[PDB]
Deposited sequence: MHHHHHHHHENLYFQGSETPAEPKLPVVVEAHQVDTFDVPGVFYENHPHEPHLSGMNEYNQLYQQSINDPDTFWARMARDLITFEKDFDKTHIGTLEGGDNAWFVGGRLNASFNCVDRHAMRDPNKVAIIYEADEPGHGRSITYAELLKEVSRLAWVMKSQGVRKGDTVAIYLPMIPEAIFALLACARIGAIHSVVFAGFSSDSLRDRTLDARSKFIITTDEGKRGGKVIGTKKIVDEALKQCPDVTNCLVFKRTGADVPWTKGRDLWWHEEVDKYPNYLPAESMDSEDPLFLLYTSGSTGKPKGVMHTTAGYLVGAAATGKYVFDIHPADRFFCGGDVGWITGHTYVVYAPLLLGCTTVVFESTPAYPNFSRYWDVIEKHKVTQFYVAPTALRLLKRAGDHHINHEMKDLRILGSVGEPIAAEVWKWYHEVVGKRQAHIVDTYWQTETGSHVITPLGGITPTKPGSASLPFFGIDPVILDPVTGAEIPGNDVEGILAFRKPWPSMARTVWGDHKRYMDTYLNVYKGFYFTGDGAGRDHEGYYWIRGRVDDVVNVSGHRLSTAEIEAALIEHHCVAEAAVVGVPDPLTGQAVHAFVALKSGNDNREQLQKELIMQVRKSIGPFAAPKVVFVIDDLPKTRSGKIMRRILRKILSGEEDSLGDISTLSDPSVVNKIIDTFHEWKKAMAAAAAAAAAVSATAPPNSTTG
């Protein structure tokens, strides 16, 4: 009967009463009335709203002159212009100055019972002397730095050391192949790379140094490779280029000044797969990104300084960037860096970790939840007394999974927050607010502050007013943490995001807005498919399969599949094509089947 079929007879669930009873502090908003008052101001007078929000949450070296200039169609947006600041000062120094012994990072290592806690003062020391290493090797403000690191606290040290000298960190997921690492390092023109000798994940060894070595044969601009000794195994060594992390930091002081950055200086590049297949270096600048990260951390995830925040995503993706690293440290709470998998040593591991460290918010992808639900509820028998927010990112958390998450995991005690956003948006844009917004299973709920969503007719591009409508999901106004360009290719940025429907930002997603105005995300309308938590390009898989000798026409559709048009050993060839995609992208992009 309704146009948004997924919302039909879907009831609204209030925040559980025990959430407020057990909450250690006073909430950030008084209820939905204040959300609405603040939301309306953020849409009608963004210059006033965001100026106050920024000065609440971020410490500027020099105050900004104007909240925002530029327009969506101009592709010239700038936020907090005239301001100066440094991201590592806001993530580290200001908290170490106030409370040096507060724990900033809980490292949970691949083996249970290892790991360690790191204070804000210890973090300031490690960020400083790592920054000294890069400065001493010639890294300068505005240079990019390639990072190929697994989930160890040294990954946070590296992002924040780059920020501290005004270098632009370019994190490459540590499961990518050498070709993928090479492509991103070449496009970023990085002269310096940081990696490990090996990674340990789920009891398995990852030869990171060997992969970097292969990639660097084709990156002649890289002149220094800083290697952290994670396992101590014998790895190949290039005299005159390779340096040991522990040997170099021991040479340098435990404090370094922070470089004064413009609000609009680049902070990082994050390569994503687009529909073309060539990686897009999505570029975020400094002040607006940090304002969005802190604002969503505070109001979406209800983060207070004493909290212990655990995001299960990898630093190689935007979820790890914004919610393992920037948001919790900006706000001065504790963040969990988790090196293992949810299944090692056993399927209880996530809850083992939450119980031991008394985690207050947990943030994961529905792929992991489905894996664990199939494993069985006997793996969950953990008090987890302090767990009050349960986040979900990457796809709509469906009814069966939402119930299991709310009942079996959260014991009907925690608020489930389904956060919709993208690498290009920097931070959450459609989401319930933790402890505030009533939710519907499968819905992302309502827009965050400063986000003005519209539903467009896919063909004519016209706005579709009112409720119970469906179509293209676009935003009508700029927002502080929006991506500012695609590295080296502003025209691709304009054409991809801003010129499709002029005057709007195009998300690439379809959506319905139900009778109550709640949003229901429909998934990509372009050629980007999301498989097992990874944003993959079907064109990139096709281009990999075509790279084989016998393959001519290759087609990939979405669990992604690949039908190739070719050969007298078909059973023996299906392995050679699978390995071809393993060399081009990585293990995590091999097709589920190779059709002929």
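Q: Relative to the deposited sequence numbered from 1, which residue ranges are unmodelled?
A: Unmodelled stretches, in sequence order: 1-24, 583-590, 599-601, 632-706.
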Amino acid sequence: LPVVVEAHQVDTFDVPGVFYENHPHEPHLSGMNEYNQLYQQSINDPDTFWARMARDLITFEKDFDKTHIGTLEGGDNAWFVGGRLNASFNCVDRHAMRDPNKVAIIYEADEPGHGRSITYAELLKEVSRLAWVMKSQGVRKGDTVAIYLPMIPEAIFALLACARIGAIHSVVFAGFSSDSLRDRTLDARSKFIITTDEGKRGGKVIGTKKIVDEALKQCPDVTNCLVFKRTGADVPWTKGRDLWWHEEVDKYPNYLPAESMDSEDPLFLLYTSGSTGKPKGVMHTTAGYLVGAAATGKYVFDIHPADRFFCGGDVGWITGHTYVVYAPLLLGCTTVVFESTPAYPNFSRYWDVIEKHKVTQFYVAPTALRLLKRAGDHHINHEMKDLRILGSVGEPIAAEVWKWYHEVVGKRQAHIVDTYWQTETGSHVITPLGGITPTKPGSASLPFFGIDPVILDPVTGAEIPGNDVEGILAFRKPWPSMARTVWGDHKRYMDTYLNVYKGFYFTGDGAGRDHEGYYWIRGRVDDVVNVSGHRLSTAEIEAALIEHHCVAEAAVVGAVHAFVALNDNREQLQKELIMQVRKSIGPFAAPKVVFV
From here on, numbers count along this sequence of modelled residues.
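If you superpose the two forms and keep the largest set of C-alpha atoms that fall within 1.5 Å, you have the rigid core.
Q: Which of the two stretches, 99-107 or 271-279, moves more in 4 other deposited structures of this protein when the core is held fixed, judged by C-alpha RMS distance?
A: When 99-107 and 271-279 are compared in 4 other deposited structures of this protein, the bigger C-alpha shift is seen for 271-279.
Q: Do the CA atoms of 108-116 or those of 418-426 have the higher mean B-factor in the entry?
A: Per the deposited B-factors, the answer is 108-116.
Q: Test of understanding: from the entry's C-alpha B-factors, which stretch has the higher mean, 189-197 or 390-398?
A: Mean CA B-factor is higher for 390-398.
Q: Among the choices 45, 63, 56, 527, identify the one whose CA B-factor in the record is greatest.
A: Going by the entry's C-alpha B-factors, 527 comes out highest.
Q: Return the residue from 242, 183, 314, 457 that has the highest Cα B-factor in the entry.
A: Result of the comparison over 242, 183, 314, 457: 457.
Q: Looking at the entry's B-factor column for C-alpha atoms only, identify whether residue 519 ranks in the lowest, middle or highest third of its chain.
A: For residue 519, the deposited C-alpha B-factor lands in the middle third.
Q: Pull the Cα B-factor of residue 302 out of the PDB entry and bin it into the chain's lowest, middle or highest third.
A: Its C-alpha B-factor belongs to the middle third of this chain's values.
Q: Divide the modelled residues of the chain into thirds by Cα B-factor and specify which third, lowest, middle or highest, holds residue 276.
A: Ranked within chain, residue 276 CA B lands in the highest tercile.
Q: Which third, lowest, middle or highest, does the C-alpha temperature factor of residue 209 belong to within its own chain?
A: For residue 209, whose C-alpha B-factor we compare with every modelled residue in the chain, the answer is the middle third.
Q: Could you tell me which third, lowest, middle or highest, the C-alpha B-factor of residue 263 occupies within its chain?
A: Answer is lowest: the recorded C-alpha B-factor places it there.
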